[PDB]
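K.L.:
Here you go, one structure.
All of this is worked out from the model, or read from it or from the source named; nothing here is a laboratory result. No Cβ is skipped: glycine too gets one built from the backbone with ideal geometry, and neighbour counts run over all protein chains shown.
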Ligand SMILES: Nc1ncnc2c1ncn2[C@@H]1O[C@H](CO)[C@@H](O)[C@H]1O
Ligand SMILES: Nc1ncnc2c1ncn2[C@@H]1O[C@H](CO)[C@@H](O)[C@H]1O
């Protein structure tokens, strides 16, 4: 855990950094100007106030300023005041403080969102961002609960929980979803419901702000947190936010190291996650193994998965037990064709499956990649021998010497058919015996609507020259989605079964009942596949095969985000389209508000046949 | 030094890689297919040859392939053969070998440029680069001296552009391939070296490796590999570029092991200033020229200014000399010299003025004008804590400030890499009305210098500076502050623009550069010299460079299309310093030997904001 | 690249 | 940034 | 110390 | 004798006994080594079990030749010129020297007419004349511009030999001269001296044309003429090998008498039987030793 101390009083700054680093904090949120030093910018004599306006640069080194200090905007700066003089002084002072922080090169700046209307603050911030070159992040300091909702019931004659999120949403929408504007969330004593926290966790939260007043004390007098607070801390610790501790020491008998020590205690109290580490919210282009040739280092991460090939070997083992009785155990030889044999792993899985099933197989390893044919043929010379026949041909062009009993393939993508498993297996179906088996015999794709401001900003950041400016929103992305909110349960899109003894063009309509209020940002695509009868591989988040990491989910973005209310069903439509030369997907949201069909004619993304 | 071993015989890849890394090499240049295993691709029966074509990719780890192996094209592959069958087979086999190297994830691939016509080689490589995704670099293996010029004179009836031949081969190859980032040079150094200007053209090229046969090594009195002094001088020049040295051939000094050829190169690497230490990490790295007038600099930008002690030593010496000149020793204790430091920064030039007046034992009343409101904070904390009433800190622009009195000396620090690209003339023009009629400006004068350069790497860096949402060729119409390192300078610098203070700042200069080599012009490098006071000067011109003074890198003005120049052909360039009330910019155009367009018309790609 | 992505 | 460059 |  | 030998048979030479010498190399797979084999029963080739002698080399066998009766002079891929010698029993092939003097693959090797000096051409462009008795190099000649394809020693004059190269040069060499090479005015790929005529040699180029030169032409093949071997008859036939996987036997006017397509890969070496002058043994990269009747 990495954490900081928010101080509003820094009498001398080097002493304060010393006293803050001794007690374990990693940065310090401090005001660059004096919080009570109101400046005047328009009227004399106070406009011409002499002397320095703030502290010198030279009190800390450049590395100290760039790494250790998070600036704060002064509390009197009120750019959305109803008084025009206060409003203009606050615009000028906000610009002065932001420019001084840019000059100091602070890594972050902390600005407050403590009311509904922050339009002028948004304009001054978005004009600072587009002026000059600077690299500060802007952590907008927004609470979980509005300050007028957690006040005591003391006054005798005087959107409830979705309120401050709408403050933040309006702010980040006025600033046009800037990459440099994020959230510093204040966690008070009164936590909101669970679905409010999910929207909050789908946002750009770089910091969490924990007052020392929300800490409750134990029998020994230390600061601890309630179980609901601890659960919120664990969810935030999954996002790797930093924790800012504000307020005074409410447990005076101890010292201020105790709050931080409790946070580290919860930090230590907190294979797919290890593999996916470093790839979270990192967009990738989906593989196209039919139109491109894969590097050996691409095949290595395939063969790094033991669960998928163990499941394939189990499916082949059960199929070989079914197709050959114990009486015909030796005089019956089953023809297997591994289609797209890769560098070996399905051929080895088939050999092991026939070895543990105690059945005889004649195996063909078909592979179009000549560079993988090199390693397949070295395997064949060195290990496999005459049992395996290595074919350097496309399965759709190959002329088989004899028909097959089982054809086994691994041509499934993250959305189960974006790597042309239907077309390839339909081409390879003619050398299958009339009672032959295809492994996998079944696969379905699943879609769920998601919200993620970070994923949307990465998709925008994928905008490239020499290209349509919104082609990036018409491409699926293989992404280990991490900082997102899923709006509804997944629901099956497309189903393909092999062999097909009957058109791979598909049209699906999916209605997702959204029981909460959200802002739809895209769709996540998963898949399930039945290899043989009860052997399945799934990346669906409720049926996910444990320990399997060969497939990250697919993201289908949408060009503009769609604001969704509670009780509003999201109706989306997906097409699997094709021609003689290429296959693509088209999608469109039709309810609650329509969007354009994304990727028409495959103009931004096709899969090459 | 990083060094590799070129082997054309690898009987076992793990054993050979172990033995190569045992004796100190960092990579191994090896054939991925057997060099003699000629494959057929069109005609039966040899088209349908069975078995693996090459050895497996499972013999080394993936990181071993990605870091330790440089692949070689097979010697029989001649994609430019005059026989069509050989040409087609060699195109197909070139593609197969390149694709297998991409499949292996090799970091580099060696291809040979051993003949004049390599157009089909260039086409197959250009088509490989634009197909699929792969990251391998392509090291065109080109000799320093053509193979037909190295042969012995032992043919009785065939007795033996001579030196500029293989560079012409490389130039044609990389011009066909459109100056790819992924295509570089592996230079073969032979027994007989060419002239010194041939070696300069090569040194301005993307050389990523140098190939040293063991046959160019001489022998000691103790019997060890060594190289001649002309070879050692070539090695020392190539060590500046941080190339990798590839040892080819067999052990021609059989008494001692093959480690000795490597040990001599390690010896020479361990036997080759502060500017070079400051400039590391910044060579051939384009960055934008600073514009302090219309951009407020950060504090870390000012920190690297204050990190140069030679510039401020010179400013303090100039103020010292001026203070002695303007105040006689008899009038020492009663004459107050009103100094004005214009653009005072965060302090260092005011500190130089104060130290100068202390060592001159003279009385000064200093004004520190600065428009940056965030550096005024630093200046005013300086004044409160140290300077006191001697220094008056003004938060104004020198051009609009109303002074309470006139100055004896105005001191400014507004010089860029090209001496006027930061509007020092325009700023000091508006700061003359509060200068006394006998008043002095420091710097007194400054001149900019230009020299024609050649650099393929700089040209590719400028192309890589293309941005979306702008003119697709505007990157060639901006100057770049660059520690230009991998370049060839075609002629001596000549003075471009001169400004003198106190004084139209629009200028027009025509410069004719005599050329004694046969190069391709890529841009003009601009320097400056400034006279602060009488004999106190600051210069970044590479002949009169102030020692250890790293405040300024050279400026670079590119041209959109490279201009091929031959010997005895002067390059005539014309520079304009243009301006209006709002902006100032530069325009340039080469007019000889081949005209180019005027670069940056109306400041459409680059202006300096007033 | 991991998870069937480049 | 160094040498009067950003 | 860390006990709830 | 190793258990199995490599698929690519590179050379095959008959000695005066009629025994066959096979030189093979592995050009694919994990190990690119080579091997020597002596088959005193030449019809049992290429079966490794029924071999008189056999040895494994460190690298491939680019070429070989007989140095008299007991000596095999190998050109290696490692730059090495090797001299192996058969033991007195003829059951072992033992190494006499292995000298690394070429910087690249020794493309070709030949033995000068005295039988005590050899000549080797490499992909390194120099041509080295070797004293086999002293196991040194007498001379090194960087005279071509590209890699040397074939060197062919004269059967009559010891100092004289021929060398073609990829720079489109056929040079006639007299080692006694102060300037030895002489330009004998498509790339020449194979050379052969006429066994009876002193100043007549034949050479085949890379387009398939075999041409006779006095120190005649025929489009014998469709691809690179790899080898050219003369029959031991008083008036000799010429055995032409090529990369289009065919053998052609020609008469004294370069007109075709025999043609064989028994090989399914490149045909590398041909040798005429000394015992049976009508028998022509050719080996190829398809691991096939074919004995033809002309
Ligand atoms: N039509 C095809 N024929 C043969 N192999 C294929 C085909 N399509 C994909 N593959 C291979 O299938 C494997 C898994 O996608 C990869 O090795 C890929 O090259
Ligand atoms: N017109 C100007 N008036 C005052 N200071 C200036 C002016 N132009 C540039 N400067 C300052 O000069 C310095 C240039 O190194 C910077 O401190 C910059 O802020």
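K.L.:
I need the full set of residues from segment B:416-430 which are within 14 Å of chain D (Cβ to nearest Cβ) and more than 8 Å from ligand 2 (Cβ to nearest atom), in order please. Give the steps one after another, and end with the answer.
P.N.:
Within segment B:416-430, the subset within 14 Å of chain D (Cβ to nearest Cβ) is B:416-424.
Answer for segment B:416-430, where residues must be within 14 Å of chain D (Cβ to nearest Cβ) and more than 8 Å from ligand 2 (Cβ to nearest atom): B:416, B:417, B:418, B:419, B:420, B:421, B:424.
K.L.:
Would you be able to say whether some residue in segment B:373-392 is over 31 Å from the mean Cα position of the chain (by Cα), away from chain A (no Cβ under 14 Å) and surrounded by 21 or more Cβ atoms within 10 Å (Cβ to Cβ)? Lay out the reasoning, then the answer.
P.N.:
Narrowing segment B:373-392 to residues over 31 Å from the mean Cα position of the chain (by Cα): B:373-392.
If we keep only those that are away from chain A (no Cβ under 14 Å) as well, we get B:390.
Checking the rest, the ones that are also surrounded by 21 or more Cβ atoms within 10 Å (Cβ to Cβ) come to none.
The answer is no, given that none of the residues of segment B:373-392 is over 31 Å from the mean Cα position of the chain (by Cα), away from chain A (no Cβ under 14 Å) and surrounded by 21 or more Cβ atoms within 10 Å (Cβ to Cβ).
K.L.:
Of everything in segment A:290-303, what is more than 9 Å from chain C (Cβ to nearest Cβ) and either in a loop (DSSP other than H, G, I, E, B) or within 16 Å of ligand 2 (Cβ to nearest atom) (or both)? Give them in sequence order.
P.N.:
Result: A:290, A:291, A:293, A:294, A:295.
K.L.:
Looking at segment A:402-411, is at least one residue out of contact with any strand residue (DSSP E or B) (no Cβ under 6 Å at 6 or more places or on another chain) and either within 16 Å of ligand 2 (Cβ to nearest atom) or assigned by CATH to the domain that holds residue A:579 (or both)?
P.N.:
The answer is no, given that none of the residues of segment A:402-411 is out of contact with any strand residue (DSSP E or B) (no Cβ under 6 Å at 6 or more places or on another chain) and either within 16 Å of ligand 2 (Cβ to nearest atom) or assigned by CATH to the domain that holds residue A:579 (or both).
K.L.:
Would you mention how many residues in segment B:519-543 are outside any strand (DSSP E or B) and surrounded by fewer than 21 Cβ atoms within 10 Å (Cβ to Cβ)? If you could, list the steps in order and put the result at the bottom.
P.N.:
At the first step, the residues of segment B:519-543 found to be outside any strand (DSSP E or B) are B:519, B:534-535, B:540-543.
Applying the additional criterion that residues be surrounded by fewer than 21 Cβ atoms within 10 Å (Cβ to Cβ) yields B:534-535, B:541-543.
Total satisfying the criteria: 5.
K.L.:
For segment A:244-280: of the residues being part of a loop (DSSP other than H, G, I, E, B) and in contact with a strand residue (DSSP E or B) (Cβ under 7 Å, 6 or more places away or on another chain), which is nearest to residue A:480 (Cα to Cα)? Show your work before the answer.
P.N.:
Within segment A:244-280, the subset part of a loop (DSSP other than H, G, I, E, B) is A:247-256, A:270-271, A:277-279.
Then keep just the ones that are in contact with a strand residue (DSSP E or B) (Cβ under 7 Å, 6 or more places away or on another chain); that gives A:247, A:251, A:279.
Details: A:247: 37, A:251: 42, A:279: 6 Å.
Filtering segment A:244-280 for residues that are part of a loop (DSSP other than H, G, I, E, B) and in contact with a strand residue (DSSP E or B) (Cβ under 7 Å, 6 or more places away or on another chain), the one nearest to residue A:480 (Cα to Cα) comes out as A:279.
K.L.:
Given the conditions (1) under 17 Å from residue F:190 (Cβ atoms); (2) part of a loop (DSSP other than H, G, I, E, B), which single one is not true for residue F:133?
P.N.:
Of the numbered conditions (1) under 17 Å from residue F:190 (Cβ atoms); (2) part of a loop (DSSP other than H, G, I, E, B), the odd one out for residue F:133 is (1).
K.L.:
Go through segment F:81-94 and report how many residues are surrounded by fewer than 22 Cβ atoms within 10 Å (Cβ to Cβ) and closer than 19 Å to residue F:128 by Cβ. Show your work before the answer.
P.N.:
Keep residues of segment F:81-94 that are surrounded by fewer than 22 Cβ atoms within 10 Å (Cβ to Cβ), which gives F:83, F:85, F:87-92, F:94.
In the following step, the residues that additionally are closer than 19 Å to residue F:128 by Cβ were identified as F:83.
Qualifying residue count for the region: 1.
K.L.:
Also, quick follow-up: What strands (runs of 3 or more DSSP E) completely inside segment A:313-423 contain at least 1 residues that are away from ligand 1 (no atom under 16 Å from the Cβ)? Walk me through how you get there before you give the answer.
P.N.:
Working: elements: A:333-339, A:360-366, A:388-391, A:404-409.
Once the strands (runs of 3 or more DSSP E) in segment A:313-423 are filtered for at least 1 residues that are away from ligand 1 (no atom under 16 Å from the Cβ), what remains is A:333-339, A:360-366, A:404-409.
K.L.:
While we're looking at this one, here's another question. Give segment B:63-99 a look and list any residue that's closer than 12 Å to residue B:33 by Cβ, within 12 Å of another protein chain (Cβ to nearest Cβ), buried (at least 22 other Cβ atoms within 10 Å of the Cβ) and touching a helix residue (DSSP H, G or I) at 6+ places or on another chain (Cβ under 8 Å), or say none.
P.N.:
The answer is B:98, and nothing else.
K.L.:
Let me ask something else about it. Kindly provide the set of residues from segment A:465-511 that are in a strand (DSSP E or B), within 14 Å of chain C (Cβ to nearest Cβ) and out of contact with any helix residue (DSSP H, G or I) (no Cβ under 9 Å at 6 or more places or on another chain), ordered by number.
P.N.:
Within segment A:465-511, just A:478 meets the criteria.
K.L.:
Among the residues of segment F:157-169, are any touching a strand residue (DSSP E or B) at 6+ places or on another chain (Cβ under 8 Å), farther than 17 Å from residue F:210 by Cα, surrounded by fewer than 19 Cβ atoms within 10 Å (Cβ to Cβ) and facing chain B (nearest Cβ under 8 Å)?
P.N.:
no
K.L.:
A further question follows. Take segment A:108-125 and flag every residue that is touching a helix residue (DSSP H, G or I) at 6+ places or on another chain (Cβ under 7 Å) and more than 12 Å from residue A:72 (Cα to Cα).
P.N.:
Of everything in segment A:108-125, those that are touching a helix residue (DSSP H, G or I) at 6+ places or on another chain (Cβ under 7 Å) and more than 12 Å from residue A:72 (Cα to Cα) turn out to be A:113, A:116, A:118, A:119, A:120, A:122, A:124.
K.L.:
Of the conditions (1) within 21 Å of residue B:376 (Cβ to Cβ); (2) in contact with a strand residue (DSSP E or B) (Cβ under 6 Å, 6 or more places away or on another chain), residue A:57 satisfies every one except a single condition; which number is it?
P.N.:
Unmet condition: (2).
K.L.:
Looking only at segment F:13-36, how many residues end up being more than 7 Å from chain B (Cβ to nearest Cβ) and closer than 24 Å to residue B:33 by Cα? Full working, then the answer.
P.N.:
As a first pass, look at segment F:13-36 and keep what is more than 7 Å from chain B (Cβ to nearest Cβ): F:13-26, F:34-36.
Okay, now just the ones that are also closer than 24 Å to residue B:33 by Cα, so F:22-26, F:34-36.
Going through segment F:13-36 one residue at a time, the tally reaches 8.
K.L.:
Next up: Out of F:120, F:114, I need the residue that is part of a strand (DSSP E or B) and either more than 10 Å from chain B (Cβ to nearest Cβ) or within 15 Å of the chain's Cα centre (by Cα) (or both). Which one?
P.N.:
On the way: F:114 fails: part of a strand (DSSP E or B).
Just a single option satisfies the conditions, and that option is F:120.
K.L.:
Find the residue count for segment A:222-239, including only residues that are part of a loop (DSSP other than H, G, I, E, B) and more than 19 Å from residue A:5 (Cβ to Cβ). Give the derivation first.
P.N.:
Of segment A:222-239, the ones part of a loop (DSSP other than H, G, I, E, B) are A:222, A:225-226, A:239.
Then drop every residue that is not more than 19 Å from residue A:5 (Cβ to Cβ), which leaves A:226, A:239.
Count: 2.
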